[PDB]
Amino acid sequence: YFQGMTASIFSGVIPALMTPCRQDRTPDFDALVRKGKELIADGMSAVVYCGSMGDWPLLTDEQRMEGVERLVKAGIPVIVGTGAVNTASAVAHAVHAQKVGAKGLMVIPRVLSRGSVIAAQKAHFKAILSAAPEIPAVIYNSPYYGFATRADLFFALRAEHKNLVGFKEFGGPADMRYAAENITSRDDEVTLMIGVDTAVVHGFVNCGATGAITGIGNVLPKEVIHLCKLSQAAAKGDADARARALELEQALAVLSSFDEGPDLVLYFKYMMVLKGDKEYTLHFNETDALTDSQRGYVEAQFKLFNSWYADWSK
């Protein structure tokens, strides 16, 4: 067992953090650290930085690494996102993760060049995995990449890279089932992570997931934790917990579905604003903004969810 005696960095409820943007459009790292600390205190187990929720394409590799360092310095368990323009850059994020003392590695597929090519993905994964060989790793899988990591690739990688311990799935319930049935269900150290906000109950109950990366949990941490706890109890055969998890998931479905689309950072930042956190007002691109109707729509759905939850929870 790679992590030995310590509880896995890939278990529990883990927010993918947004990167607060100043008026000058540079990242507010004090605010990032504060939010990170707050979310751990609410019951989250770790954070992910800097992933797509954190606006990685819009920040330099150096900005991201400064962020990671600040979060790690502050005592927050960090899983480092390695999304990058090229392999060399992904690799440098992983080197830095190990150097700085991050607790985990999120290994993202190659983009922009040969993205569909399985042999190129294998070499890219291997480059990243061997760059931080002491840091436990998950592979991120998603239909977005034009490519799917299957059992044969996963285990070929794991044969050479013992730090590969998990699989994070973004795609639908069917893709999750495939991963649970064929990759993550041996009696071993390999675990499945839920990787989209809309697949919580399916992941915990039907797929034996042990952890979940959350976008909406930045905004509704207590409520998302409550869902995961119901799901976990349901996964032990608790009938009442299963029924309650399904209702809470249904109520949370609209707001969670923003995670599935291209505007997830715009939608989740604006919800942070509605919760009163005005550091989430601006975007790194000056012209990126929800429209009037989009705003109206989130406002109504956020109001409806909080009203529902207040009623349902007692």
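One rule holds for the numbers: they count along the sequence shown, beginning at 1.
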In terms of its chain's C-alpha B-factors, the third that includes residue 38 is the highest
Sorting the chain's modelled residues by C-alpha B-factor and splitting them into thirds places residue 185 in the middle
By the entry's values, the third containing the CA B factor of residue 212 is the middle
Assert third(CA B-factor, residue 279) within chain per record equals middle
Temperature factor at the Cα of residue 96, chain-ranked in thirds, falls in the middle
